[PDB]
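What follows is a single structure, written as structure tokens, with notes after it.
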Amino acid sequence: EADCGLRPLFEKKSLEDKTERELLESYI
Amino acid sequence: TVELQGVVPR
Amino acid sequence: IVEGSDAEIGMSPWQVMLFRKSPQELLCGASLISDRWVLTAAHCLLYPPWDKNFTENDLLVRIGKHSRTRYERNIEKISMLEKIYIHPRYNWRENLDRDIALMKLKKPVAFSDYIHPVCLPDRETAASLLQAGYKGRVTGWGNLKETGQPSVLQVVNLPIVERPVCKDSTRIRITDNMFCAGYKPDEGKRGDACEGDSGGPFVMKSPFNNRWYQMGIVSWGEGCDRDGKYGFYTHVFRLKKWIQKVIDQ
Ligand code: NA
């Protein structure tokens, strides 16, 4: 799927969910 | 059987 | 999901609910990987110690749901199953190795804001993100505690745990087709999956392309959210050639 993993109401709208920064921060 | 090790499948 | 929170709307658009038709029962979670392919844990469908052996006509899936308080009209969708594929080498007896099944949908679901497939991991995402301390996200409508169930889809973020810590936490002969995740007793948070959460996705957002990838499937544990115990997950990348072979045949 060429469009997989990109959420219409979040990534596709440049909006973040409430806890995703917590995930992206642990990737250190 | 996994319950013999105290495990439940989820 | 123990010590999770309520999901936001459209937060996990890949979330799938596996139901028994009669009596109507939410059995397990699952995830949407295309318009007609759904991934879940094999023990949701087949676990002989509990006499469990569901066939396609016993079951349905619901897709696009946020809350079990009501019917989400013009939002949630439903499908019957065309075919169930359980891993040939699923080992229910010893250790729940290869606790994975695929479900082909009778009718392909239309994608919307609420319904969208998750990616399967490639070699880069698996090598880069499958590391101890890196967090993933677990979702489900399973039990809120070990010893009831939520209306709104629950979400918890949990770090992958180093394999020797996973190994020494359990008396199960763990394999490479599973991993464990969860906070340690000396750490500053907790949380776990629980009963009813199997088949639900352990997902990671790639910092490289901003896509969500499904890295694991909720599989097993010793109770829920116990200190010094960890939730085990089916390793999606290890079984990716099976997934592709089924889908391609
Ligand atoms: Na724990």
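In the structure tokens, chains take the letters A, B, ... in the order shown, each chain's residues start at 1, and ligands count up from 1 in the order shown.
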Just list the residues in region 88-133 of chain C DSSP gives strand (DSSP E or B) on the backbone, as a count of residues only. 8
Report as JSON, numbers by chain all protein, DNA and RNA residues lying within 10 Å of residue 4 (chain B), evaluated on only C-alpha atoms, omitting residues in the same chain fewer than 3 positions from it. {"B": [1, 7, 8], "C": [94, 171, 172]}
Name each residue within 10 Å of ligand 1, counting only C-alpha atoms and all ligand atoms, as a PyMOL selection string. chain C and resi 169+181-185+189-193+221-231
Can you pull out the residues contacting residue 1 (chain A)? Cut-off 9 Å, using only C-alpha atoms, and skip same-chain residues under 2 positions away; I want them as an MDAnalysis selection string. (chainID A and resid 3:5) or (chainID C and resid 33:34 117:119)
I need the chosen residues saved as a PDB file, in the first residue's frame, with N, CA, C and O atoms.
```
ATOM      1  N   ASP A   3       0.005   4.281   0.256  1.00  0.00           N
ATOM      2  CA  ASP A   3      -0.455   5.268   1.201  1.00  0.00           C
ATOM      3  C   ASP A   3      -0.536   4.791   2.649  1.00  0.00           C
ATOM      4  O   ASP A   3      -0.967   5.533   3.543  1.00  0.00           O
ATOM      5  N   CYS A   4      -0.054   3.569   2.903  1.00  0.00           N
ATOM      6  CA  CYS A   4      -0.099   2.963   4.231  1.00  0.00           C
ATOM      7  C   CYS A   4       0.543   3.799   5.326  1.00  0.00           C
ATOM      8  O   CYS A   4       1.466   4.571   5.069  1.00  0.00           O
ATOM      9  N   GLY A   5       0.023   3.692   6.552  1.00  0.00           N
ATOM     10  CA  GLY A   5       0.619   4.297   7.735  1.00  0.00           C
ATOM     11  C   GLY A   5       0.479   5.801   7.867  1.00  0.00           C
ATOM     12  O   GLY A   5       1.006   6.374   8.821  1.00  0.00           O
TER      13      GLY A   5
ATOM     14  N   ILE C  33      -4.358  -4.328   6.985  1.00  0.00           N
ATOM     15  CA  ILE C  33      -3.120  -4.160   6.217  1.00  0.00           C
ATOM     16  C   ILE C  33      -3.327  -3.849   4.731  1.00  0.00           C
ATOM     17  O   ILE C  33      -2.394  -3.437   4.043  1.00  0.00           O
ATOM     18  N   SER C  34      -4.538  -4.058   4.202  1.00  0.00           N
ATOM     19  CA  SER C  34      -4.943  -3.540   2.903  1.00  0.00           C
ATOM     20  C   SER C  34      -6.449  -3.325   2.934  1.00  0.00           C
ATOM     21  O   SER C  34      -7.036  -3.312   4.016  1.00  0.00           O
ATOM     22  N   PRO C 117      -5.108   1.527   6.185  1.00  0.00           N
ATOM     23  CA  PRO C 117      -4.153   0.468   6.472  1.00  0.00           C
ATOM     24  C   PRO C 117      -2.829   0.970   7.069  1.00  0.00           C
ATOM     25  O   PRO C 117      -2.402   2.108   6.864  1.00  0.00           O
ATOM     26  N   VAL C 118      -2.253   0.142   7.937  1.00  0.00           N
ATOM     27  CA  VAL C 118      -0.933   0.355   8.519  1.00  0.00           C
ATOM     28  C   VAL C 118       0.100  -0.321   7.620  1.00  0.00           C
ATOM     29  O   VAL C 118      -0.221  -1.242   6.862  1.00  0.00           O
ATOM     30  N   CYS C 119       1.355   0.149   7.662  1.00  0.00           N
ATOM     31  CA  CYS C 119       2.419  -0.482   6.903  1.00  0.00           C
ATOM     32  C   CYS C 119       3.034  -1.663   7.633  1.00  0.00           C
ATOM     33  O   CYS C 119       3.147  -1.708   8.856  1.00  0.00           O
TER      34      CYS C 119
END
```
Residues of chain A within 7 Å of chain C, using only C-alpha atoms, as a PyMOL selection string? chain A and resi 1+4-9+17+23-24+26-27
Those residues you just picked out, can you put them in a file as a compact mmCIF listing (two decimals), in the first residue's frame with N, CA, C and O atoms?
```txt
# COMPACT_ATOMS: atom_id res chain seq x y z
N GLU A 1 0.82 -1.20 0.00
CA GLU A 1 0.00 0.00 0.00
C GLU A 1 0.87 1.26 0.00
O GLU A 1 1.58 1.56 0.97
N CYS A 4 -0.05 3.57 2.90
CA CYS A 4 -0.10 2.96 4.23
C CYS A 4 0.54 3.80 5.33
O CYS A 4 1.47 4.57 5.07
N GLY A 5 0.02 3.69 6.55
CA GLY A 5 0.62 4.30 7.73
C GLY A 5 0.48 5.80 7.87
O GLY A 5 1.01 6.37 8.82
N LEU A 6 -0.21 6.48 6.94
CA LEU A 6 -0.42 7.92 7.05
C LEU A 6 -1.89 8.21 7.36
O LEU A 6 -2.77 7.93 6.54
N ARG A 7 -2.18 8.75 8.54
CA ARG A 7 -3.56 8.92 9.01
C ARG A 7 -4.23 10.17 8.46
O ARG A 7 -3.71 11.28 8.67
N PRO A 8 -5.39 10.06 7.77
CA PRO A 8 -6.14 11.18 7.22
C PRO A 8 -6.41 12.36 8.14
O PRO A 8 -6.38 13.50 7.69
N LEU A 9 -6.63 12.10 9.43
CA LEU A 9 -6.88 13.15 10.41
C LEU A 9 -5.66 13.62 11.18
O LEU A 9 -5.76 14.50 12.03
N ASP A 17 -1.08 13.60 17.16
CA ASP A 17 -1.87 13.09 18.27
C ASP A 17 -1.19 13.45 19.58
O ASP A 17 -0.07 13.96 19.59
N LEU A 23 6.78 8.80 21.56
CA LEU A 23 7.38 7.76 20.75
C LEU A 23 8.61 8.26 20.02
O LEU A 23 9.66 7.60 20.06
N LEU A 24 8.50 9.42 19.38
CA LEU A 24 9.60 9.95 18.59
C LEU A 24 10.82 10.36 19.42
O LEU A 24 11.96 10.13 19.01
N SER A 26 11.72 8.66 22.24
CA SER A 26 12.41 7.46 22.69
C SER A 26 13.34 6.90 21.63
O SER A 26 14.13 5.99 21.91
N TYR A 27 13.26 7.42 20.40
CA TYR A 27 14.09 6.95 19.31
C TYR A 27 15.43 7.68 19.34
O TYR A 27 15.87 8.27 18.35
```
Neighbouring residues of residue 59 (chain C) were defined as those with any atom within 10 Å, considering only C-alpha atoms; residues of the same chain fewer than 3 positions away were excluded. Please report them as a PyMOL selection string. chain C and resi 18-22+24-27+45+54-56+79-81
Output N, CA and C atoms for every residue in that selection, as a PDB file, in the first residue's frame.
```pdb
ATOM      1  N   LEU C  18     -12.407  -8.156  16.112  1.00  0.00           N
ATOM      2  CA  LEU C  18     -12.831  -9.497  15.726  1.00  0.00           C
ATOM      3  C   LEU C  18     -13.956  -9.951  16.661  1.00  0.00           C
ATOM      4  N   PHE C  19     -15.125 -10.190  16.056  1.00  0.00           N
ATOM      5  CA  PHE C  19     -16.327 -10.615  16.776  1.00  0.00           C
ATOM      6  C   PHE C  19     -16.773 -12.029  16.461  1.00  0.00           C
ATOM      7  N   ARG C  20     -17.288 -12.700  17.498  1.00  0.00           N
ATOM      8  CA  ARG C  20     -18.117 -13.887  17.323  1.00  0.00           C
ATOM      9  C   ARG C  20     -19.541 -13.423  17.029  1.00  0.00           C
ATOM     10  N   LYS C  21     -20.169 -13.952  15.973  1.00  0.00           N
ATOM     11  CA  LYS C  21     -21.536 -13.586  15.616  1.00  0.00           C
ATOM     12  C   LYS C  21     -22.563 -13.955  16.672  1.00  0.00           C
ATOM     13  N   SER C  22     -22.584 -15.234  17.067  1.00  0.00           N
ATOM     14  CA  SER C  22     -23.626 -15.753  17.939  1.00  0.00           C
ATOM     15  C   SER C  22     -23.070 -16.723  18.983  1.00  0.00           C
ATOM     16  N   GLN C  24     -23.041 -12.864  20.295  1.00  0.00           N
ATOM     17  CA  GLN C  24     -22.246 -11.714  19.910  1.00  0.00           C
ATOM     18  C   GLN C  24     -21.242 -11.415  21.011  1.00  0.00           C
ATOM     19  N   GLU C  25     -19.965 -11.536  20.638  1.00  0.00           N
ATOM     20  CA  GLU C  25     -18.885 -11.350  21.593  1.00  0.00           C
ATOM     21  C   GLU C  25     -17.672 -10.718  20.918  1.00  0.00           C
ATOM     22  N   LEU C  26     -17.103  -9.658  21.496  1.00  0.00           N
ATOM     23  CA  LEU C  26     -15.803  -9.164  21.060  1.00  0.00           C
ATOM     24  C   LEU C  26     -14.712 -10.119  21.521  1.00  0.00           C
ATOM     25  N   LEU C  27     -14.116 -10.831  20.560  1.00  0.00           N
ATOM     26  CA  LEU C  27     -13.087 -11.808  20.868  1.00  0.00           C
ATOM     27  C   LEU C  27     -11.673 -11.242  21.036  1.00  0.00           C
ATOM     28  N   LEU C  45      -8.435 -17.460  16.987  1.00  0.00           N
ATOM     29  CA  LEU C  45      -9.142 -18.349  16.086  1.00  0.00           C
ATOM     30  C   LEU C  45      -8.982 -19.807  16.469  1.00  0.00           C
ATOM     31  N   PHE C  54     -12.566 -21.464  15.734  1.00  0.00           N
ATOM     32  CA  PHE C  54     -13.487 -20.694  14.924  1.00  0.00           C
ATOM     33  C   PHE C  54     -13.237 -20.812  13.439  1.00  0.00           C
ATOM     34  N   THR C  55     -14.337 -20.940  12.712  1.00  0.00           N
ATOM     35  CA  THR C  55     -14.274 -20.949  11.273  1.00  0.00           C
ATOM     36  C   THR C  55     -14.751 -19.593  10.756  1.00  0.00           C
ATOM     37  N   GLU C  56     -14.622 -19.365   9.450  1.00  0.00           N
ATOM     38  CA  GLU C  56     -14.950 -18.095   8.819  1.00  0.00           C
ATOM     39  C   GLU C  56     -16.381 -17.674   9.083  1.00  0.00           C
ATOM     40  N   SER C  79     -17.379  -6.463   7.868  1.00  0.00           N
ATOM     41  CA  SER C  79     -17.199  -7.453   6.830  1.00  0.00           C
ATOM     42  C   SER C  79     -17.206  -8.856   7.400  1.00  0.00           C
ATOM     43  N   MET C  80     -17.695  -9.739   6.536  1.00  0.00           N
ATOM     44  CA  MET C  80     -17.578 -11.167   6.725  1.00  0.00           C
ATOM     45  C   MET C  80     -16.205 -11.609   6.260  1.00  0.00           C
ATOM     46  N   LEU C  81     -15.780 -12.788   6.698  1.00  0.00           N
ATOM     47  CA  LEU C  81     -14.488 -13.333   6.322  1.00  0.00           C
ATOM     48  C   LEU C  81     -14.652 -14.352   5.220  1.00  0.00           C
TER      49      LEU C  81
END
```
Would you mind listing, as a VMD selection string, all residues of chain C that have at least one atom within 10 Å of chain B, where only C-alpha atoms are what counts? chain C and resid 27 to 29 41 43 to 44 47 49 92 to 96 99 142 170 to 173 193 to 200 218 to 224 231 to 233
Take the residues that were just selected and, keeping N, CA, C and O atoms, output them as a short mmCIF file (atom, residue, chain, number, x, y, z; two decimals), in the first residue's frame.
```cif
data_model
loop_
_atom_site.label_atom_id
_atom_site.label_comp_id
_atom_site.auth_asym_id
_atom_site.auth_seq_id
_atom_site.Cartn_x
_atom_site.Cartn_y
_atom_site.Cartn_z
N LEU C 27 -14.12 -10.83 20.56
CA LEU C 27 -13.09 -11.81 20.87
C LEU C 27 -11.67 -11.24 21.04
O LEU C 27 -10.96 -11.57 21.99
N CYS C 28 -11.27 -10.35 20.13
CA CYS C 28 -9.87 -9.96 19.96
C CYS C 28 -9.79 -8.68 19.14
O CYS C 28 -10.74 -8.24 18.49
N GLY C 29 -8.60 -8.08 19.16
CA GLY C 29 -8.28 -7.06 18.18
C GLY C 29 -7.70 -7.65 16.91
O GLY C 29 -7.51 -8.85 16.73
N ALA C 41 -3.92 -12.36 16.06
CA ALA C 41 -3.22 -13.47 16.69
C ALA C 41 -3.94 -14.78 16.34
O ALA C 41 -5.17 -14.84 16.37
N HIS C 43 -4.22 -17.53 18.12
CA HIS C 43 -4.96 -18.08 19.25
C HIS C 43 -6.38 -17.51 19.44
O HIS C 43 -7.16 -18.01 20.25
N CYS C 44 -6.69 -16.41 18.76
CA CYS C 44 -8.03 -15.84 18.74
C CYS C 44 -8.99 -16.74 17.96
O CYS C 44 -10.19 -16.78 18.24
N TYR C 47 -7.27 -22.21 19.54
CA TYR C 47 -6.57 -22.56 20.74
C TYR C 47 -7.29 -23.75 21.34
O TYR C 47 -8.24 -23.61 22.12
N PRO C 49 -6.61 -26.07 23.89
CA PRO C 49 -6.81 -26.17 25.34
C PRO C 49 -8.09 -25.55 25.88
O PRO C 49 -8.57 -25.92 26.94
N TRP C 92 0.78 -23.56 19.50
CA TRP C 92 -0.11 -23.26 20.61
C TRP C 92 0.25 -24.00 21.89
O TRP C 92 0.09 -23.49 22.99
N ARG C 93 0.78 -25.22 21.73
CA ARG C 93 1.07 -26.12 22.83
C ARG C 93 2.22 -25.67 23.72
O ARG C 93 2.10 -25.64 24.94
N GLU C 94 3.35 -25.29 23.11
CA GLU C 94 4.56 -25.05 23.87
C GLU C 94 4.75 -23.61 24.30
O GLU C 94 4.97 -23.34 25.48
N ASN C 95 4.67 -22.68 23.35
CA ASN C 95 5.10 -21.32 23.65
C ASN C 95 4.37 -20.21 22.91
O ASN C 95 4.69 -19.04 23.09
N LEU C 96 3.37 -20.58 22.09
CA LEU C 96 2.60 -19.65 21.26
C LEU C 96 3.46 -19.01 20.17
O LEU C 96 3.26 -17.87 19.77
N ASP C 99 2.25 -16.86 16.58
CA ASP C 99 0.88 -16.53 16.94
C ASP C 99 0.34 -15.42 16.05
O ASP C 99 0.18 -14.26 16.43
N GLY C 142 -9.52 -4.58 25.20
CA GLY C 142 -9.42 -5.63 26.20
C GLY C 142 -9.54 -5.14 27.62
O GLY C 142 -9.84 -3.98 27.88
N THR C 170 10.44 -14.81 32.11
CA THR C 170 9.48 -15.84 31.81
C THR C 170 10.12 -17.22 31.86
O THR C 170 11.32 -17.38 31.66
N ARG C 171 9.26 -18.21 32.13
CA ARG C 171 9.62 -19.62 32.04
C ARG C 171 9.26 -20.26 30.71
O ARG C 171 9.60 -21.42 30.47
N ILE C 172 8.57 -19.51 29.84
CA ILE C 172 8.32 -19.88 28.45
C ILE C 172 9.63 -19.91 27.66
O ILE C 172 10.49 -19.03 27.80
N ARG C 173 9.81 -20.93 26.82
CA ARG C 173 10.88 -20.94 25.85
C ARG C 173 10.49 -19.97 24.74
O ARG C 173 9.76 -20.30 23.80
N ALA C 193 -0.74 -4.62 27.66
CA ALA C 193 -1.93 -5.22 27.08
C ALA C 193 -2.51 -6.21 28.10
O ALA C 193 -1.90 -6.52 29.13
N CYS C 194 -3.73 -6.69 27.86
CA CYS C 194 -4.37 -7.62 28.77
C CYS C 194 -5.33 -8.50 27.99
O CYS C 194 -5.29 -8.56 26.76
N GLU C 195 -6.21 -9.23 28.70
CA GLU C 195 -7.18 -10.14 28.12
C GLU C 195 -8.10 -9.41 27.14
O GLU C 195 -8.57 -8.32 27.42
N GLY C 196 -8.33 -10.02 25.98
CA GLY C 196 -9.12 -9.36 24.95
C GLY C 196 -8.27 -8.53 24.00
O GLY C 196 -8.75 -8.21 22.92
N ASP C 197 -7.03 -8.14 24.35
CA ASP C 197 -6.22 -7.33 23.46
C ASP C 197 -5.46 -8.04 22.37
O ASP C 197 -4.97 -7.36 21.48
N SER C 198 -5.36 -9.38 22.39
CA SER C 198 -4.65 -10.13 21.36
C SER C 198 -5.09 -9.84 19.95
O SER C 198 -6.24 -9.49 19.72
N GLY C 199 -4.16 -9.97 19.00
CA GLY C 199 -4.40 -9.56 17.63
C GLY C 199 -4.26 -8.07 17.38
O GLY C 199 -4.08 -7.67 16.23
N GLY C 200 -4.38 -7.21 18.41
CA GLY C 200 -4.20 -5.78 18.28
C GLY C 200 -2.75 -5.44 17.90
O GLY C 200 -1.85 -6.23 18.20
N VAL C 218 -0.23 -8.22 19.73
CA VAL C 218 -0.46 -8.68 21.10
C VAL C 218 -0.66 -10.20 21.15
O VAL C 218 -1.45 -10.76 20.39
N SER C 219 0.12 -10.88 21.99
CA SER C 219 0.10 -12.32 21.97
C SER C 219 -0.11 -12.98 23.33
O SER C 219 -1.06 -13.75 23.48
N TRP C 220 0.73 -12.72 24.35
CA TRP C 220 0.66 -13.39 25.64
C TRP C 220 1.34 -12.64 26.75
O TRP C 220 2.06 -11.66 26.55
N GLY C 221 1.08 -13.12 27.96
CA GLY C 221 1.68 -12.57 29.16
C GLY C 221 1.33 -13.42 30.37
O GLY C 221 0.49 -14.32 30.32
N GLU C 222 2.03 -13.13 31.47
CA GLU C 222 1.75 -13.68 32.80
C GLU C 222 0.96 -12.63 33.56
O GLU C 222 1.51 -11.65 34.06
N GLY C 223 -0.36 -12.83 33.59
CA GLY C 223 -1.27 -11.82 34.06
C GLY C 223 -1.19 -10.56 33.21
O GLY C 223 -0.91 -10.63 32.01
N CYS C 224 -1.41 -9.41 33.83
CA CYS C 224 -1.34 -8.13 33.14
C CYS C 224 -0.71 -7.11 34.07
O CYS C 224 -1.06 -7.00 35.24
N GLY C 231 4.72 -7.88 28.49
CA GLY C 231 3.85 -8.35 27.43
C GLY C 231 4.64 -8.85 26.24
O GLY C 231 5.60 -8.19 25.84
N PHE C 232 4.29 -10.03 25.72
CA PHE C 232 4.92 -10.58 24.55
C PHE C 232 4.08 -10.38 23.31
O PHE C 232 2.85 -10.34 23.35
N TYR C 233 4.79 -10.21 22.21
CA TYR C 233 4.21 -9.77 20.96
C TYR C 233 4.77 -10.61 19.83
O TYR C 233 5.95 -10.94 19.83
#
```
Distance criterion (only C-alpha atoms): nearest to residue 150 (chain C) out of C:87, C:68, C:52, C:235: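 Once distances to residue 150 (chain C) are computed over only C-alpha atoms, the minimum belongs to C:68.
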